[PDB]
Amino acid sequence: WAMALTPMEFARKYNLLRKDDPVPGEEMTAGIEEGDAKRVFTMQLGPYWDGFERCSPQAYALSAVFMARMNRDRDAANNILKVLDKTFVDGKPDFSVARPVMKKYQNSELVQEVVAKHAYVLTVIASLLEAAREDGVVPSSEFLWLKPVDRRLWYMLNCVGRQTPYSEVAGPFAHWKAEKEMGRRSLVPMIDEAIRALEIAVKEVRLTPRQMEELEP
């Protein structure tokens, strides 16, 4: 199973660590290259929302599920989930099953309110899931097949309801939270909370002498 990177693993994967320095108790600790971190987190944000037709198939179909739930149509929702489970078992899932439900609910009032308030596919669909959860539980485990289909989406949706995201979606999570705080959609990335949380998490972790000697300035 393909585990989420820790903060330190993430920093190391994207070459974000830096010789910081001398804060007593911070011996054998690294800093973060903020500019590079900004770029990584900006890339994580993914595409602008620009009509559901342009979402990936998986983002489209799960959006449809959540919209159906927002509109109290559990049957339409469970039918997608069921076909996707069955057809995913059978070897490649039928994301077209969601199209009728998209057509019915994409301009419904509650959906239009979510789309109006978020600029990115990932922040739109997070708020669709948050909103669907006023109807019922809607766990990650209704859509287990998404992990191998779309890792970034899987992690974003598993962070809805959580206070701290996985580092691999900390950018879109920070942005989503910033959009809610601003009370409008934002095209300008608002990912500064991801940078500060990475720095904090990375400074908790001691490096080996070998690791410290690798730190570039």
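Residue numbers run from 1 along the displayed sequence.
Q: What number of residues from the deposited sequence go unmodelled in the gap from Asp21 to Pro22, classed as none, 1 to 3, 4 to 9, or 10 or more?
A: Gap between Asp21 and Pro22: 4 to 9 residues without coordinates.
Q: Using only C-alpha atoms and the B-factors in the entry, which stretch averages higher, 178-186 or 24-32?
A: 24-32 has the higher mean C-alpha B-factor.
Q: Regarding 135-143 and 122-130, which shows the higher C-alpha temperature factor on average in the entry?
A: Of 122-130 and 135-143, the stretch with the higher C-alpha B-factor average is 135-143.
Q: Could you tell me which one of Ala170, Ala37, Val149, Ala64 shows the highest CA temperature factor in the PDB record?
A: The record points to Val149.
Q: At the C-alpha atoms, which of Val111, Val83, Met102, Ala76 reaches the highest B-factor in this entry?
A: Highest C-alpha B-factor among the listed residues goes to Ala76.
Q: Which third, lowest, middle or highest, does the CA B-factor of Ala98 fall in along this chain?
A: Middle third of the chain for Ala98's C-alpha B-factor.
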